[PDB]
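Novice: Take a look at the following structure, please.
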Amino acid sequence: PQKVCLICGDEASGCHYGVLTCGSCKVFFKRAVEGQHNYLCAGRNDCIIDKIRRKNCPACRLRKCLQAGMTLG
Amino acid sequence: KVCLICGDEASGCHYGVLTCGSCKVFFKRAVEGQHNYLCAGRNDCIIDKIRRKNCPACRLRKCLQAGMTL
DNA sequence: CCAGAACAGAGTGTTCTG
DNA sequence: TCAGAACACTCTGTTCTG
Ligand SMILES: [Zn+2]
Ligand SMILES: [Zn+2]
Ligand SMILES: [Zn+2]
Ligand SMILES: [Zn+2]
């Protein structure tokens with residue numbers, strides 16, 4: 001029955017900012033939208049985002065967050 | 001004057017290849033240490049001063065292909 | 001100069017709270 | 001229920017040292 005993060009496939013802690021996610025992707029999304037970051041993809045803007053590689057490309061991670069419908073209101 | 005790994009300003013010839021300091025210490029730490037680097041793209045990730053943190057796997061790959069060794 | 005050590009920061013992830 | 005605070009850890013890069 002266990003719930004899965006729609007961003008990285010890790011265990012989802014709950015519905016955060018409109019989307020079923022884990023804590024890491026939650027706080028990441030908050031920090032990313034509000035914070036001033038220089039995220040730039042090194043691939044083709046389609047990087048695989050899972051528990052191991054989510055640290056690799058913050059750009060694609062934020063992209064998946066936004067496309068999932070995450071918002072702060 | 002330019003790092004053959006990320007194109008940043010090269011500090012000198014390290015481990016056999018003209019590199020900067022960051023790629024020097026990165027290479028040593030990567031080779032000796034037990035890391036779980038995994039590429040999220042297609043093994044052709046752009047490694048420059050801005051994005052070199054993104055894919056350690058491809059960075060290490062460029063180091064090895066450059067001939068770096070201990 | 002070059003190798004290695006050591007110090008410091010960015011980014012991240014978990015725990016705790018209401 | 002979920003949002004936010006805050007501490008702690010990993011990885012990295014510069015400075016220091018032999
Ligand atoms: Zn997640
Ligand atoms: Zn990417
Ligand atoms: Zn370099
Ligand atoms: Zn890569």
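FYI, nothing fancy with the structure tokens labels: chains A, B, ... in order, residues from 1 per chain, ligands from 1 as they appear.
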With a distance cut-off of 12 Å and only C-alpha atoms (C1' of nucleotides), select the neighbouring residues of residue 9 of chain C, excluding the residue or stretch itself and same-chain residues fewer than 2 positions from it, and output the selection as a ChimeraX atom specification.
Specialist: /C:7,11 /D:11-14
Novice: So which residues of chain B fall under strand (DSSP E or B) by DSSP, listed as a PyMOL selection string?
Specialist: chain B and resi 2+9+12-14+17-19
Novice: Could you tell me, counting only C-alpha atoms (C1' of nucleotides) and all ligand atoms, which protein and nucleic acid residues lie no more than 10 Å from ligand 1, written as a PyMOL selection string?
Specialist: chain A and resi 4-13+20-29+49-51+54+61+65
Novice: Keeping N, CA, C and O atoms for every residue in the selection just given, could you write it to a file as a compact mmCIF listing (two decimals), in the first residue's frame?
Specialist:
```
# COMPACT_ATOMS: atom_id res chain seq x y z
N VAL A 4 4.39 6.58 -3.05
CA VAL A 4 5.61 6.87 -3.77
C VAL A 4 5.69 8.31 -4.26
O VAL A 4 4.73 8.85 -4.81
N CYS A 5 6.84 8.95 -4.03
CA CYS A 5 7.10 10.31 -4.49
C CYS A 5 7.02 10.40 -6.01
O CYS A 5 7.71 9.66 -6.72
N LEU A 6 6.19 11.31 -6.51
CA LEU A 6 6.03 11.47 -7.96
C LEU A 6 7.21 12.19 -8.60
O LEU A 6 7.20 12.43 -9.81
N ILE A 7 8.20 12.55 -7.81
CA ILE A 7 9.35 13.26 -8.35
C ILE A 7 10.58 12.36 -8.46
O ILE A 7 11.25 12.36 -9.49
N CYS A 8 10.86 11.58 -7.42
CA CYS A 8 12.07 10.76 -7.40
C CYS A 8 11.82 9.28 -7.15
O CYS A 8 12.74 8.46 -7.23
N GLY A 9 10.58 8.92 -6.83
CA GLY A 9 10.22 7.53 -6.61
C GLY A 9 10.60 7.00 -5.24
O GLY A 9 10.40 5.82 -4.95
N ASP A 10 11.14 7.87 -4.40
CA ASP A 10 11.44 7.54 -3.01
C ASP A 10 10.10 7.46 -2.27
O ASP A 10 9.05 7.75 -2.84
N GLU A 11 10.13 7.06 -1.00
CA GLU A 11 8.91 6.97 -0.22
C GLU A 11 8.30 8.33 0.06
O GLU A 11 8.93 9.20 0.65
N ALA A 12 7.05 8.51 -0.37
CA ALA A 12 6.38 9.79 -0.20
C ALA A 12 5.90 9.97 1.23
O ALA A 12 5.23 9.09 1.79
N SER A 13 6.23 11.11 1.83
CA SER A 13 5.81 11.40 3.19
C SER A 13 4.38 11.91 3.20
O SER A 13 3.68 11.80 4.21
N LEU A 20 1.83 14.49 -4.23
CA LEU A 20 2.35 13.43 -3.36
C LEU A 20 3.87 13.30 -3.48
O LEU A 20 4.38 12.84 -4.50
N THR A 21 4.59 13.72 -2.44
CA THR A 21 6.05 13.70 -2.45
C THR A 21 6.66 13.28 -1.11
O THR A 21 5.96 13.09 -0.09
N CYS A 22 7.99 13.14 -1.13
CA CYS A 22 8.78 12.93 0.08
C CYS A 22 9.20 14.29 0.64
O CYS A 22 8.91 15.33 0.04
N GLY A 23 9.90 14.28 1.77
CA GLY A 23 10.31 15.51 2.43
C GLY A 23 11.39 16.27 1.68
O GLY A 23 11.36 17.50 1.59
N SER A 24 12.35 15.52 1.14
CA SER A 24 13.47 16.12 0.43
C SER A 24 13.00 16.93 -0.78
O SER A 24 13.46 18.05 -0.99
N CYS A 25 12.09 16.37 -1.57
CA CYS A 25 11.58 17.09 -2.74
C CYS A 25 10.68 18.26 -2.34
O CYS A 25 10.58 19.26 -3.06
N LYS A 26 10.04 18.14 -1.18
CA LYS A 26 9.25 19.23 -0.63
C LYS A 26 10.12 20.44 -0.36
O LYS A 26 9.96 21.52 -0.97
N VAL A 27 11.05 20.26 0.56
CA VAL A 27 11.91 21.35 1.00
C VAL A 27 12.75 21.85 -0.17
O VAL A 27 13.01 23.05 -0.30
N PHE A 28 13.15 20.93 -1.06
CA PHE A 28 13.86 21.30 -2.27
C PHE A 28 13.03 22.23 -3.13
O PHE A 28 13.55 23.20 -3.67
N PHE A 29 11.75 21.91 -3.30
CA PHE A 29 10.90 22.73 -4.13
C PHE A 29 10.78 24.13 -3.54
O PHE A 29 10.89 25.12 -4.27
N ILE A 49 15.46 11.27 -12.68
CA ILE A 49 15.40 11.68 -11.29
C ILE A 49 14.90 10.57 -10.38
O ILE A 49 13.70 10.29 -10.31
N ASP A 50 15.83 9.92 -9.69
CA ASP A 50 15.49 8.94 -8.67
C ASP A 50 16.26 9.24 -7.38
O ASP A 50 16.95 10.26 -7.30
N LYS A 51 16.13 8.37 -6.38
CA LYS A 51 16.70 8.65 -5.06
C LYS A 51 18.22 8.85 -5.08
O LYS A 51 18.75 9.64 -4.31
N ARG A 54 18.97 12.31 -7.75
CA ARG A 54 18.20 13.55 -7.62
C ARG A 54 19.10 14.73 -7.26
O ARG A 54 18.77 15.89 -7.54
N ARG A 61 15.05 18.32 -11.72
CA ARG A 61 14.25 18.01 -10.54
C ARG A 61 13.16 19.07 -10.35
O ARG A 61 11.98 18.74 -10.20
N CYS A 65 9.08 18.88 -10.59
CA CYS A 65 8.21 19.45 -9.56
C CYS A 65 7.15 20.35 -10.18
O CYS A 65 5.96 20.23 -9.85
```
Novice: Can you tell me which residues surround residue 1 of chain D at a distance of at most 12 Å, considering only C-alpha atoms (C1' of nucleotides), apart from same-chain residues fewer than 4 positions away, and format the answer as number ranges by chain?
Specialist: A: 13-16; C: 18
Novice: Export N, CA and C atoms (P, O5', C5', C4', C3', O3' and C1' of nucleotides) of the chosen residues as a PDB file, in the first residue's frame?
Specialist:
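Just written: part.pdb:
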```pdb
ATOM      1  N   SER A  13       6.234  11.109   1.830  1.00  0.00           N
ATOM      2  CA  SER A  13       5.815  11.398   3.195  1.00  0.00           C
ATOM      3  C   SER A  13       4.380  11.911   3.202  1.00  0.00           C
ATOM      4  N   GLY A  14       3.945  12.487   2.085  1.00  0.00           N
ATOM      5  CA  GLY A  14       2.566  12.936   2.000  1.00  0.00           C
ATOM      6  C   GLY A  14       2.313  13.894   0.858  1.00  0.00           C
ATOM      7  N   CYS A  15       1.123  14.478   0.816  1.00  0.00           N
ATOM      8  CA  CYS A  15       0.800  15.404  -0.257  1.00  0.00           C
ATOM      9  C   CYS A  15       1.329  16.787   0.110  1.00  0.00           C
ATOM     10  N   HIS A  16       2.386  17.206  -0.575  1.00  0.00           N
ATOM     11  CA  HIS A  16       3.040  18.469  -0.278  1.00  0.00           C
ATOM     12  C   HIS A  16       2.929  19.428  -1.456  1.00  0.00           C
TER      13      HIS A  16
ATOM     14  P    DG C  18       4.868  22.491  20.053  1.00  0.00           P
ATOM     15  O5'  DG C  18       3.649  23.047  19.185  1.00  0.00           O
ATOM     16  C5'  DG C  18       3.807  24.237  18.424  1.00  0.00           C
ATOM     17  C4'  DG C  18       2.718  24.345  17.376  1.00  0.00           C
ATOM     18  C3'  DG C  18       1.304  24.041  17.877  1.00  0.00           C
ATOM     19  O3'  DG C  18       0.389  25.005  17.373  1.00  0.00           O
ATOM     20  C1'  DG C  18       1.815  22.675  16.022  1.00  0.00           C
TER      21       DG C  18
END
```
Novice: Taking 3 positions as the minimum chain separation for residues in the same chain, which residues sit within 9 Å of segment 55-67 of chain B when counting only C-alpha atoms (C1' of nucleotides)? Answer as a list in words.
Specialist: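 Returned residues: residues 42, 53, 56 and 57 of chain A; 4, 5, 6, 15, 16, 17, 23, 26, 27, 30, 31, 36, 37, 38, 39, 40, 41, 43, 44, 45, 46, 47, 51 and 52 of chain B.
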Novice: Neighbours of ligand 2 at 6 Å or closer, counting only C-alpha atoms (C1' of nucleotides) and all ligand atoms: which residues, as a ChimeraX atom specification?
Specialist: /A:41-43,45-47,57,59-60
Novice: Keeping only C-alpha atoms, take the residues you just selected and write them out as a JSON list (two decimals), in the first residue's frame.
Specialist:
```json
[["chain", "number", "residue", "atom", "x", "y", "z"],
["A", 41, "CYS", "CA", 21.22, 20.99, -16.92],
["A", 42, "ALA", "CA", 24.34, 19.26, -18.24],
["A", 43, "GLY", "CA", 22.35, 16.85, -20.41],
["A", 45, "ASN", "CA", 16.76, 18.51, -19.98],
["A", 46, "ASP", "CA", 15.46, 14.97, -19.52],
["A", 47, "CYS", "CA", 17.68, 13.64, -16.71],
["A", 57, "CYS", "CA", 20.52, 17.73, -11.78],
["A", 59, "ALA", "CA", 17.21, 21.81, -12.93],
["A", 60, "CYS", "CA", 15.44, 18.66, -14.10]]
```
Novice: Can you list, as a ChimeraX atom specification, every protein, DNA or RNA residue that comes within 9 Å of segment 18-20 of chain B when you count only C-alpha atoms (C1' of nucleotides), leaving out same-chain residues fewer than 3 positions away?
Specialist: /B:1-15,23-24
Novice: Can I get the selected residues back with C-alpha atoms, as a PDB file, in the first residue's frame?
Specialist:
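For reference, out34.pdb as written:
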```
ATOM      1  CA  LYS B   1      46.179  27.887 -18.726  1.00  0.00           C
ATOM      2  CA  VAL B   2      42.881  26.035 -19.102  1.00  0.00           C
ATOM      3  CA  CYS B   3      41.697  22.847 -17.370  1.00  0.00           C
ATOM      4  CA  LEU B   4      41.274  19.970 -19.829  1.00  0.00           C
ATOM      5  CA  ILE B   5      38.451  18.615 -17.683  1.00  0.00           C
ATOM      6  CA  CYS B   6      36.111  21.551 -17.038  1.00  0.00           C
ATOM      7  CA  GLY B   7      37.767  24.452 -18.859  1.00  0.00           C
ATOM      8  CA  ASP B   8      38.234  26.407 -15.631  1.00  0.00           C
ATOM      9  CA  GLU B   9      41.562  28.170 -15.009  1.00  0.00           C
ATOM     10  CA  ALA B  10      44.233  25.491 -14.667  1.00  0.00           C
ATOM     11  CA  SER B  11      46.473  25.617 -11.603  1.00  0.00           C
ATOM     12  CA  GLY B  12      48.976  23.268 -13.194  1.00  0.00           C
ATOM     13  CA  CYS B  13      49.931  19.793 -14.344  1.00  0.00           C
ATOM     14  CA  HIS B  14      48.333  17.441 -11.833  1.00  0.00           C
ATOM     15  CA  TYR B  15      48.381  13.633 -11.901  1.00  0.00           C
ATOM     16  CA  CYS B  23      39.532  18.591 -10.479  1.00  0.00           C
ATOM     17  CA  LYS B  24      42.811  17.530  -8.830  1.00  0.00           C
TER      18      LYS B  24
END
```
Novice: Dump as a ChimeraX atom specification the residues of chain C that approach chain A to within 12 Å, counting only C-alpha atoms (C1' of nucleotides).
Specialist: /C:10-15
Novice: Could you check how far atom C1' of residue 8 of chain C sits from atom CA of residue 35 of chain B, in Å to one decimal?
Specialist: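 Atom CA of residue 35 of chain B lies 22.1 Å from atom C1' of residue 8 of chain C.
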Novice: Near chain A, meaning an atom within 10 Å, which residues of chain D appear when counting only C-alpha atoms (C1' of nucleotides)? Write them as a list in words.
Specialist: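 The contacting residues on chain D are residues 1, 2, 3 and 4 of chain D.
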